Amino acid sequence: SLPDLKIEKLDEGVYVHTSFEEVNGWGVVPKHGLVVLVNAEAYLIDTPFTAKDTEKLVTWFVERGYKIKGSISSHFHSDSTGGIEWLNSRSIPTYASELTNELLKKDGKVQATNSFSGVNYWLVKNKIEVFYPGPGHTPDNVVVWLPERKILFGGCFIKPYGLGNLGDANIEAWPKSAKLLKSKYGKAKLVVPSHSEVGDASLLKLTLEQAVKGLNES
């Protein structure tokens, strides 16, 4: 009996959604994503683990007057993409990078209906930016930046107290990718990881230290 989906306000127009799954070798894993409001329109930053929780999440915001304009998934693992099939069935636009869609396709999973390619991409120009720091947790992991609020969604790339599941990780590249992320977003007020609590910009530093440490054990 996994805990319920939770939705809590992080800042003006920015909510954190947390869903839960039992994953072998890890136990009950919490997963944070965002919902970002731009006027009367809501954007999902990562989907919950499941269709059920994705539907709950969507229902919560629609019942409060927000139209769901789209979702973006930060990498191909199901804790970011589990909801895409359900969103597609409701004609809600889903986005992922070209690489992410390729990895979903390779794994026989449903793909996002929209893809983007390149280091930077505006999901919503001047409001929601996507940035690729390079391989780390996965080859495809991206982060989402909210310039108006100085909030960085780091997804499963931000790992301040341990790197987590290394199955698809690029441990060689992660310290350099972390370095780039830190340089770009040292100015962040808040950094939102997938699996640990919201913090400030120090989470960027800690991730870099954890990545360097993980690489050291060769």
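We number the residues from 1 along the sequence you see. Definition used throughout: the rigid core is the maximal C-alpha set that superposes within 1.5 Å between two forms.
In summary, of the stretches 23 to 31 and 155 to 163, 23 to 31 shows the greater Cα distance from the shown form in 7 other deposited structures of this protein, with structures fitted on the rigid core. Comparing 13 to 21 with 201 to 209, the stretch with the higher mean C-alpha B-factor in the PDB entry is 201 to 209.
When the two stretches 40 to 48 and 158 to 166 are set side by side, the higher mean Cα temperature factor goes to 158 to 166. Looking only at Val58, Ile171, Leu34, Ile151, the residue with the top Cα B factor in the deposited structure is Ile171. In the deposited entry, the Cα temperature factor of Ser183 places it in the highest third of its chain's modelled residues.
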